[PDB]
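[1] PDB entry and its sequence, pasted below:
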Amino acid sequence: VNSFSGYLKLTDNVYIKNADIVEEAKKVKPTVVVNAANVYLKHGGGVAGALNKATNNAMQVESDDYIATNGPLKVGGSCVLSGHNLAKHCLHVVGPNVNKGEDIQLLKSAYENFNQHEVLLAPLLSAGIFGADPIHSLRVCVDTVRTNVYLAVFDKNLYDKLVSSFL
């Protein structure tokens with residue numbers, strides 16, 4: 001039993017809710033919240049900008065030190081940093097950004113990072129300003145992630161479409 005509430009069950013291990021991931025993280029304080037990161041951990045907009053704003057920019061400060069030490073992430077890669085006031089840990093995962101021409105096949109590699117964590121609160125990777133089809137992202141998620149993932153979808157209209165079209 002865990003504290004996630006109001007989710008629709010899609011599969012044995014994948015759950016989905018129309019929710020703001022920031023508010024969901026603030027209430028649940030999950031062990032892991034996933035950020036929709038880029039390789040530079042520049043949290044300007046989308047999910048990343050919202051999560052970072054909720055940490056009062058502490059996420060960005062920590063991220064800048066990480067990059068200064070380690071260099072950029074790979075597309076499809078991840079790193080574990082602090083969850084600040086939102087979660088114990090933040091798993092920063094880089095899905096391909098279609099608006100930069102990155103290969104969508106890397107979306108599966110991105111979701112594989114979730115398997116290193118037993119339970120996660122997450123957005124749909126490569127959705128929103130990353131330009132991929134969210135229906136496709138949900139399919140890759142279900143077909144790749146084997147650990148327990150609680151997906152937060154900000155847009156109510158998109159949430160309903162994702163549920164109604166789910167196979």
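    All right, it came through fine. Numbers count the residues shown, from 1 in each chain.
[2] residues in contact with the closest residue to residue 73 other than its chain neighbours?
    Spatial nearest neighbour of residue 73, excluding adjacent residues (CB to CB, 6 or more residues apart in numbering): residue 39 at 4.6 Å. Just so you know, the C-beta spots here come from the backbone N, C-alpha and C atoms, and that holds for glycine as well. Applying CB atoms under 8 Å, 6 or more residues apart in numbering to residue 39 gives the contacts 72-75, 77, 94.
[3] Check residue 37 too.
    Counted by CB under 8 Å, 6+ apart, residue 37 has contacts 43, 48, 73, 78, 92-94.
[4] mind listing what's buried in stretch 25-37?
    Using 16 or more other CB atoms under 10 Å as the burial criterion, the residues of stretch 25-37 that qualify are 25, 28, 30-37.
[5] export it as CSV, just CAs?
    C-alpha atoms of stretch 25-37 as CSV (Å, rounded to 0.1, in the frame of the first residue of the first chain):
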residue,chain,number,x,y,z
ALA,A,25,4.7,15.9,-5.2
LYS,A,26,4.0,18.5,-2.5
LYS,A,27,1.2,16.3,-1.1
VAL,A,28,2.6,12.8,-1.4
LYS,A,29,6.4,13.6,-0.9
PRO,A,30,7.2,10.5,-3.0
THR,A,31,10.6,8.8,-2.7
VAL,A,32,11.2,9.7,-6.4
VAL,A,33,9.8,12.4,-8.6
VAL,A,34,10.8,12.3,-12.2
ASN,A,35,11.8,15.6,-14.0
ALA,A,36,11.5,16.0,-17.7
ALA,A,37,15.1,17.2,-18.0
